[PDB]
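Letter by letter, the chains look like this.
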Amino acid sequence: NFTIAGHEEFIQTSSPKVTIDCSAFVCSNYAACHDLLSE
Amino acid sequence: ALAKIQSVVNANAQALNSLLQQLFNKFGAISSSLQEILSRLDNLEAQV
């Protein structure tokens, strides 16, 4: 036969990078709400 | 590579340092640590 055929692989070497604005996530800016976080 | 070695040592020391400093966060009520709370109250409220 001496047949030839394709194959493939996805790998997944990397992923999305994420960051979070800690304290903003916890609270929208409500003033003393953030003050409690500093407490 | 020497810098890499140092970054290992430093990151590890830093992790421990940040852990150490959690002791002084109030996490809540006033006087983040030990006997300071007890000295004012020493009662069921203090236990809370």
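Calculation rules
Sequence order sets the numbers: each chain starts from 1, possibly unlike the entry numbering, and residues with no coordinates are not included. Note on labels: chains are lettered from A, ligands numbered from 1, in written order. Any value quoted here refers to the chains shown, not to the larger assembly they are part of. Excluding hydrogens and water, the side-chain values take into account all heavy atoms of the structure. Under the scheme used here, helices are H or I runs from DSSP no shorter than 4 residues and strands are E runs no shorter than 2 residues, and both carry numbers assigned from the N terminus. We call a residue buried when its accessible area falls under 20% of the maximum for its residue type, exposed when it is over 50%, and partly exposed in between, using a 1.4 Å probe and counting protein chains only. With residues, only the protein chains shown are counted as cover, and all accessible areas are computed by Shrake-Rupley using a 1.4 Å probe. Any residue with relative accessible area above 30% and no salt bridge may belong to a patch, with like charges joined within 9 Å and the nonpolar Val, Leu, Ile, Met, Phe, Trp and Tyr side chains within 5 Å. One side-chain nitrogen of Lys or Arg within 4 Å of one carboxyl oxygen of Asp or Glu is enough to make a salt bridge.

If you look chain B up in the PDB entry, it shows as Spike glycoprotein,Foldon chimera from Human coronavirus HKU1.

**Student:** Please explain the overall build of chain A as it appears in this structure.
**Tutor:** Along the backbone of chain A there are 1 helix and 0 strands. Summarising its shape, the C-alpha atoms of chain A cover approximately 80 × 15 × 10 Å along the three principal directions. Within chain A, buried positions represent 3% of all 39 residues. A total accessible area of about 4,300 Å² is found for chain A, and carbon and sulfur atoms account for 56% of it.

**Student:** Help me out: how do you make sense of a nonpolar patch on the surface in this one?
**Tutor:** On the surface, a cluster of nonpolar side chains totalling about 580 Å² of accessible area is made up of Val 18, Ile 20, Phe 25, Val 26 and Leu 37 of chain A. Along the polypeptide, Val 18 of chain A turns up in the segment before helix 1 (32-38).

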